[PDB]
Asker: 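Below is one structure. I have some questions about it.
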Amino acid sequence: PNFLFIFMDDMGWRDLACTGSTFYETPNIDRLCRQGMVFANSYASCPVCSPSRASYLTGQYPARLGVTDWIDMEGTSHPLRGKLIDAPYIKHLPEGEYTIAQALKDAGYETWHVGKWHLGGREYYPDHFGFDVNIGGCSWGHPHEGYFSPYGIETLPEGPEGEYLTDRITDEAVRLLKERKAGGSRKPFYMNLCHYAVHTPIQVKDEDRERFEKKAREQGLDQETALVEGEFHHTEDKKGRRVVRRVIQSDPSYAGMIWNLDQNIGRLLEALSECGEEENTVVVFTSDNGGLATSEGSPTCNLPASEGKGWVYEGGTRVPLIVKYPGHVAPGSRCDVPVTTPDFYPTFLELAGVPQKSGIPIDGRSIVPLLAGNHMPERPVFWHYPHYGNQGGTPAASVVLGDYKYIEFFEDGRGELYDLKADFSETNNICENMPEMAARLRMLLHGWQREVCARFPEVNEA
Amino acid sequence: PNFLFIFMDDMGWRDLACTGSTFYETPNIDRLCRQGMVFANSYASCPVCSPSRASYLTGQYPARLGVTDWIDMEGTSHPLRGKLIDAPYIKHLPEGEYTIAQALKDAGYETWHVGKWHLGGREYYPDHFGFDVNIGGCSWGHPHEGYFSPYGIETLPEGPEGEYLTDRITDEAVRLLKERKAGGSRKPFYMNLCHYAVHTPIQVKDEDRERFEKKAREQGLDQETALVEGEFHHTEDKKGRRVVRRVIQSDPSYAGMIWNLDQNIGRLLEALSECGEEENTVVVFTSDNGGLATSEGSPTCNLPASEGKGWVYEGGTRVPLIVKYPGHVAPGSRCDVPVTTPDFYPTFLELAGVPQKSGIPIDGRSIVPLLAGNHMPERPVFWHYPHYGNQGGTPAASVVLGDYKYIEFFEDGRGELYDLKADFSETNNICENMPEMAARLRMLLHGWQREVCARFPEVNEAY
Ligand SMILES: [Ca+2]
Ligand SMILES: [Ca+2]
């Protein structure tokens, strides 16, 4: 069984037509959804980039790993400072880790990483962690020199001037498939396809931008207040600047990026079938964190889930998830059991038939039963973000268990309890109406924190 | 507060952009949803028309009223017959029901019915049930003579040649709004606006249809297979015909009908604001049963909810629900607690400060705690549809409780159990895996059935 893991950057939970978008159009991804299972309660294990990507590669929670913030490679930003100081974090995937690429490669797989990496400098590139190929992956968190050739990526040779990064990365993925077919498909492959989309700057071809300016016109959206200024930011480096929340999906350039992305998923999936590998490829479409909605241009909206990237509220942790596996997963099905990033590692091992290495810690759970149509025992899901981020949040930790969600904020020690079944949008803090429910979820969160050795932000005495 | 209850016909749970549509465009309704509470687990109390509309007006489950099938005013088709015989039902709203129109009128409201009625002949028109006005409601369940003027609708005077009925029904609602303003708004109004949209036949202006042929071609959907033939029907009158399921949302004419419906909703709410009534009007958008996905043209698809109109599966009972009440409902929020059609009666009465009459049964439960952001105690939700219907189902009854749904099928007494949390699309019957859970749900359904005096289909001994 091949694994094709399509990992979007910063794609919010309502950023697909098939997961609830009111403006964006994603016909090729919609088809994939029709051919597989979609997950309504799909989470990333962190509200920003590198920790969720480290959690994916290791099947571990970010705090057990030590990578709990997005990696600022040249220390010009972290640690951020407010009333608290950002906690320190390991600025790369820790060296001793045994990744899913290593496990699968040890079990006979071809392992390819394509696209965004963001897990350290050259000593911690994909090749040191079980990957045979690295096309376009480096230490950058986004296209530092834009989406148009030249890109500046040391592991991606430049294309003709005017080449679009998202198109080229797809070509690179299509090239690996056809190459493998030419050599006889000796081994099952494992592709970690990490798009640079849809991270800022939102740079798109003009035909794709204009498409959705016309639609926003004929739809009336051009006349609707999309951005709304809110509170002041919380760190010294943004003193004076206010949080700008986007309250409606209407951004035409952002829609164009997603339209272009959808054509590329079309190209990619058509190559996979042209290689006679559709029947036996597990296809996963997901994202590393929630949509960007509260700063840096606010290209998208995640309402009725609150806020977005950088926040521990639902809008920042929720994420689309489609899984297709012909013959095994029922097409056009849906599952509502909470699923999180560290779950894929043991899922893939179970689908490959490969035992776990003794003694490595695994915080995730194989979702193979859900992919079959069966419930599983209730388990909590956790977050621990002891940083501010750039988007408006403040350091916090979180547990979801059943219908309830507990959040504690490190600035003032306060807790917030939500009944997400009755109150999906987190409008009604019921901490004090249910002290008992709060105390259980608070203690559960603290015990997990002790077990994974979480670090906490220290007060700022300046 | 005023009540603008917008009651669509046969609109599936995924037929709006703001509730998961992949093709349809509903800007004016998306804005409504951005201004209120959307309900992710919204249910109609019956998979076909008349029982749910009777259940909405009286706050009782259809099996208690006796109206358990859509009303067939000629003896053309009911009772349908296969292995079993359709059960008898009352073909009108029963005489002594104290409906929410009466309850609010007696509390000083002005009451208006506009549009589809389908609750009996002349002696059971809205005026016999507490409404002061009835524009366009008769015994018809759909535009017998089409959506383009003339309509032959006994309570709607014909419009100029080519007038579109949904445009016209909206114009009548706007008129009532402006008349009340001219008169100085002496009383709060309760408006029961029942569109005939989106019932077959799917007739639309060509500019609307052509806009979504264009869209289907730019998205590639025009060259996909959208309709799939299936099992045979189950009744003598459709012997030889096969269920035809729609598997994608791609029908341009239906898309065009929802697009016109969206313009008119925009006109109506604009008029609501132009009369300065926006801030103190409870606005509800919902529908009477699930979308038509399996017969009679299969205009929409309800997937991942299986099947549609006329089945007790999720696609037949799930329905969109948005509630807007400025200053009271948080704008752009979302509740996942199951709500069902008979809840509106006690919700509206509580919102208006009116006590419910003594000694009248009410199976519904006010949802104002949910409109406030508060949870309520867990309750089961029930269905009793002892008829075949036209869309390919078989007589069945149903209870949803927490994460579990149990279905009993009258043809053979087989039971079906689904974990709707793990298995939303009802893929995996776990009745034999969790026997105690099944027996508990079965006995609760049977006890409810006893208490409401539900009737059961008879075996057709000639089969
Ligand atoms: Ca990211
Ligand atoms: Ca109906």
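Numbers restart at 1 for each chain; the letters A, B, ... are given by sequence-line order, proteins then strands. Read the numbers this way: they start at 1 and go in the same order the structure lists the ligands and their atoms.
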Asker: Output yes when B/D10 and B/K116 qualify as a salt bridge under the 4.0 Å nitrogen-oxygen rule, no when they do not.
Answerer: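 Between B/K116 and B/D10 there is no salt bridge, as every charged N stays at least 4.0 Å from the carboxylate O atoms.
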
Asker: Could you tell me whether any N, O or S atom belonging to A/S52 is less than 3.0 Å from the Ca ion (ligand 1)?
Answerer: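 Checking the Ca ion (ligand 1) against A/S52, no N, O or S atom falls under 3.0 Å.
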
Asker: Please find the N/O/S atom of B/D10 nearest to the Ca ion (ligand 2) and write down its name.
Answerer: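 It is OD1, the N, O or S atom of B/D10 closest to the Ca ion (ligand 2).
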
Asker: Got an N, O or S from B/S287 under 3.0 Å of the Ca ion (ligand 2)?
Answerer: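 No N, O or S atom of B/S287 is closer than 3.0 Å to the Ca ion (ligand 2), so no.
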
Asker: Taking the six-membered ring for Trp, are B/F7 and B/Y56 parallel (under 30°), tilted (30 to 60°) or perpendicular (over 60°)?
Answerer: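 Judged by the thresholds at 30° and 60°, the geometry between B/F7 and B/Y56 is tilted.
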
Asker: Tell me which N, O or S atom of B/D288 sits nearest to the Ca ion (ligand 2).
Answerer: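 Within B/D288, restricted to N, O or S, the Ca ion (ligand 2) is closest to atom OD2.
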
Asker: Specify which N/O/S atom of B/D9 comes nearest to the Ca ion (ligand 2), by atom name.
Answerer: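 In B/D9, the N, O or S atom with the shortest distance to the Ca ion (ligand 2) is OD1.
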
Asker: The Ca ion (ligand 1) and A/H199: any N/O/S contact shorter than 3.0 Å?
Answerer: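 A/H199 does not place any N, O or S atom closer than 3.0 Å to the Ca ion (ligand 1).
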
Asker: What class does the angle between the rings of B/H118 and B/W70 fall in, given that below 30° is parallel, 30 to 60° is tilted and above 60° is perpendicular?
Answerer: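 B/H118 and B/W70: tilted rings.
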
Asker: How are the rings of B/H199 and B/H142 set to each other: parallel, tilted or perpendicular (split at 30° and 60°)?
Answerer: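 The rings of B/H199 and B/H142 lie parallel, inter-plane angle below 30°.
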
Asker: Measure up the A/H113 and A/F131 rings against each other and bin them: parallel (under 30°), tilted (30 to 60°), perpendicular (over 60°).
Answerer: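 Perpendicular: the ring planes of A/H113 and A/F131 meet at over 60°.
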
